[PDB]
Amino acid sequence: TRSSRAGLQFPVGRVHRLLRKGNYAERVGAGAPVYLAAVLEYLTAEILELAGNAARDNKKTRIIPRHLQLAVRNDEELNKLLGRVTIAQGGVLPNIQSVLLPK
Amino acid sequence: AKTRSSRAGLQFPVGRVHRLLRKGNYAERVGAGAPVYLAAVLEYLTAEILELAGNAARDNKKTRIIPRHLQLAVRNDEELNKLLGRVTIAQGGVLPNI
Amino acid sequence: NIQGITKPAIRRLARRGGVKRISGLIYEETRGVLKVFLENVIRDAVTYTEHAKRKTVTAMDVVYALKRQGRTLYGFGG
Amino acid sequence: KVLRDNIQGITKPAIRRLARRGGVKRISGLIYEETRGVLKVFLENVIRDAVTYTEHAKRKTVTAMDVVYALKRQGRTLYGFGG
Amino acid sequence: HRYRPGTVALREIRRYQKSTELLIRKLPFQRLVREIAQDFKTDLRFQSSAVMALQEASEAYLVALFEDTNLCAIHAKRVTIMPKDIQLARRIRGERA
Amino acid sequence: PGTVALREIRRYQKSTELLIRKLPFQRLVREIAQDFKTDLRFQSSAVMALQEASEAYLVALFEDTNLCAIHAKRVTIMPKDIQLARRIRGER
Amino acid sequence: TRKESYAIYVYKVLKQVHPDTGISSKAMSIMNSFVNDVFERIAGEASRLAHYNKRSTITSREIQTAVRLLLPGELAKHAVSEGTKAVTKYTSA
Amino acid sequence: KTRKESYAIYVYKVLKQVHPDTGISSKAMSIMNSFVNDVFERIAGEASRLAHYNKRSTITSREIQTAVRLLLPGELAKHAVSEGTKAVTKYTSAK
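Quick note, the sequences are listed as chains R, P, B, A, Z, Y, D and G, same order. Sequence positions in the first sequence follow the numbering used here and run 56 to 158. Sequence positions in the second sequence follow the numbering used here and run 4 to 101. Sequence positions in the third sequence follow the numbering used here and run 4 to 81. Sequence positions in the fourth sequence follow the numbering used here and run 63 to 145. Sequence positions in the fifth sequence follow the numbering used here and run 711 to 807. Sequence positions in the sixth sequence follow the numbering used here and run 11 to 102. Sequence positions in the seventh sequence follow the numbering used here and run 803 to 895. Sequence positions in the eighth sequence follow the numbering used here and run -10 to 84.
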């Protein structure tokens, strides 16, 4: 395999195939699948990191959508990246406007 | 007639549209009706815009269409204004509204 | 039919949105807005389904429609 | 030659004219600095994208095509300079 | 006794913002979807997953819209959202004209 | 007071010529680009396109700001109006 | 070198619609930009449609449904009618 | 029975790499897969447009890098570039 040769856990061959079959360009180099797989693996590592953190904070062993939503929205950069994404069964962050609070 | 545009009774170059469709990596192969259809749609849209742009230029007593006319036309037509709702026209300006 | 979106349901949605006090005409205005949104999304989804020569609108059609409208959704085979 | 504080080159009358074309009648004093900040953010984003595209092209000059591509990236397509 | 007006509203805000379960009961929403679809094509079928996707997207959109509406109302020194708030919010969004 | 405000509104909504002066804008753009990477040059048409986009964006923003100000039973635009408009726009 | 443009065809359409009307250089450039933008949008939607149905080719059917997705009501209807009329004329001739 | 694909197993392997004693639900597995697909689509599309803009026919690692820097925020893009360059160099090492 090539994920092994690049220390990656994401399938390099799958990415190379999808890159050809997606009609993105006439020819596809050799580095591109490895690079794209590495970037995807890093991003999902970040997401899983923060979601597991959240699940620990909520005292759960298995990650459910709500943890993903909390990890994404609480994180500034991930929230920006998923600026136009609604996560199913995600819910919203707890946020109450000042003036609405009792005096 | 030799030109495929004449075969379809169109002013736009169906050959150029065909080349662009192929030299753009949209799909492995391109049918023969798709370039004609796309060229006809493009021609219809340009005609629709030019009509209102010429009308606007006439309203401003001008022989030539300038960007202000194109703006006025697009922003005054609900559907055109929607199609170009996220587009900016250089020197377009804004509609008079207070 | 459209009225089946009950006033209290709109109240719950607003509460989850952070609203404290709601006006009477809100409920009907929300019904109109939801009607428009569903209209557009379902129009695009059908358009896809028609092009798929299927009598059964699929979740993939809904996802593609939402993507068209810049409202990408996750959790249904993205 | 070093460049500094050019953001104040956006003079008050200019911002005022802009608001006038925006239909604004009465302008608060604090608006001007907020407008400069907003303009700076917008320019930073657009020129970041444009300079990225320029770097990929291995060119030392930024071209109008770069600007148009950057604007299209930001969902702010522009007609009149190519593309 | 009696809770002062405006407290149970805050309690419900806390309750609902902590949960992710959908807030429109399924069957009325499904019938609304089927009615709306019928006007575009007759004799149509829907995958349950498609209906759930539609419901998720619509509910999330409505919650975001209500957030923006609440911000609009607060901007006007108000605490009750009113139709003008929704209209302004959508107008600035670019949805409504 | 306020009459010449309306006069200016009409005048600048009739025309299309750019409102921001050319050379300050060019200097500002050069500075901002410099901080992203040194030794960059510009096609003047690129600067002009940047200015067009900036002016269009600012005019639309001011439209939304005015809409916000009216919503608060006010007639003068204030920074919080801009902040609300940009928040609702989904900008950051 | 050769800088291709839709200028001649836009001129033809303009004179067909407004024979006694010219177009300025900036307006011509804007029209070219609009043509290219609409081309890209339609072609991209058609390509997505081809992909979504595991299909290797874009036919006029894909262009038609892409138009129906992209353009507004009356615009889409008229554009579709024009497109299929042109396709029929091309087929016959 | 159709053999539909996904990214599930590699997502799980990364999850173990970062949170060994933690699991994930199917609904979240679907969300994660959708996120992977969406990011893939965005980066590949940006790279494709990169190729056309420069009149070239190949999407190389450089196109992927510049697309990443265009699409991602500052810090996340920085780390993405780090990871990508590392993996590409290590791949070119082995054979």
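The beta-carbon is built from N, C-alpha and C at its ideal position, and this holds for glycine as well.
Length of the line joining the Cα atoms of residue i and residue j
i	j	result
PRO88/R	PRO66/R	9 Å
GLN6/B	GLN740/Z	13 Å
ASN22/G	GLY12/G	15 Å
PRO70/P	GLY57/P	11 Å
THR116/R	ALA62/B	30 Å
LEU76/B	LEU133/R	16 Å
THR91/P	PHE143/A	11 Å
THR26/Y	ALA60/P	15 Å
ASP27/G	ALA4/P	47 Å
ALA43/Y	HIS785/Z	36 Å
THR78/G	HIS122/R	34 Å
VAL65/B	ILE865/D	20 Å
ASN63/P	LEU74/R	53 Å
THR116/A	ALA69/G	20 Å
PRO89/Y	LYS794/Z	21 Å
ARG139/R	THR13/Y	43 Å
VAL60/B	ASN855/D	14 Å
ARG714/Z	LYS728/Z	23 Å
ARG51/Y	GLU41/Y	11 Å
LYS26/P	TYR808/D	17 Å
Identity of the residue in the options nearest residue i by Cα
i	options	result
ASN780/Z	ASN150/R, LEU91/R, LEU105/R	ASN150/R
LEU4/G	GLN64/R, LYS135/R, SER59/R	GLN64/R
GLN94/P	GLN44/Y, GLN53/Y, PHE46/Y, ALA59/Y	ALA59/Y
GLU65/Y	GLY144/A, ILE72/A, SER90/A, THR123/A	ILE72/A
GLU101/Y	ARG84/Y, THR48/Y, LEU71/Y	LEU71/Y
residue 212/R	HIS71/R, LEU91/R, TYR97/R, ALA92/R	With chain R represented from 56 up to 158, any question about residue 212/R goes unanswered, as that position is not in the structure.
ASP74/Y	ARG98/A, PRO75/A, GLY85/A	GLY85/A
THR86/Y	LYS87/A, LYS134/A, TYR94/A, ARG79/A	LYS87/A
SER19/G	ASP749/Z, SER759/Z, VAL743/Z, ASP795/Z	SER759/Z
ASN107/A	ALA63/Y, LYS24/Y, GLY12/Y, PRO89/Y	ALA63/Y
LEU148/R	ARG57/R, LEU137/R, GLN124/R	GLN124/R
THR97/A	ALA112/A, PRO75/A, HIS118/A	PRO75/A
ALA76/G	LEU73/R, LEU74/R, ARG69/R, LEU95/R	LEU95/R
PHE836/D	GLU51/P, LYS64/P, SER8/P	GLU51/P
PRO821/D	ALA43/P, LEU24/P, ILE68/P	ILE68/P
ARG71/B	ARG15/B, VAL60/B, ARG46/B	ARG46/B
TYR131/A	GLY145/A, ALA119/A, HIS118/A, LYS120/A	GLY145/A
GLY36/P	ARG7/P, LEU55/P, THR49/P, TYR29/P	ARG7/P
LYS63/A	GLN23/Y, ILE92/Y, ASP49/Y, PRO11/Y	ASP49/Y
Buried versus exposed, by CB contacts within 10 Å (16 or more), residue i
i	result
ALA83/G	exposed
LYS122/A	exposed
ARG21/Y	exposed
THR47/G	exposed
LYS828/D	buried
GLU876/D	exposed
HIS711/Z	exposed
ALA845/D	buried
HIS41/G	exposed
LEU53/P	buried
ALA48/B	buried
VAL812/D	buried
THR114/A	buried
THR867/D	buried
Bridge-paired residues (DSSP) for residue i
i	result
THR91/P	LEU140/A
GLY824/D	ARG67/P
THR123/A	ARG51/Y
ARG725/Z	Answer by DSSP bridge pairing: none, since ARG725/Z is not bridged.
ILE791/Z	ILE25/B
Contact set for residue i: own chain, Cβ-Cβ below 8 Å, skip 5 residues either direction
i	result
residue 87/G	Beyond the ends of chain G as shown, which are -10 and 84, falls residue 87/G; an answer cannot be given.
Same chain only: Cβ atoms within 7 Å of residue i, ignoring 5 sequence neighbours per side
i	result
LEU871/D	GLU847
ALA66/G	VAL57, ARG58
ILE77/A	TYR94, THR97
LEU101/A	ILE72
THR(-9)/G	none
Listed by chain order, chain C residues near residue i by CB distance under 7 Å
i	result
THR125/A	No chain C appears in the structure shown, which is made up of the protein chains R, P, B, A, Z, Y, D and G.
Other residues of its chain near residue i: CB distance less than 6 Å, five sequence neighbours each side excluded
i	result
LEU94/Y	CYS78
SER71/G	none
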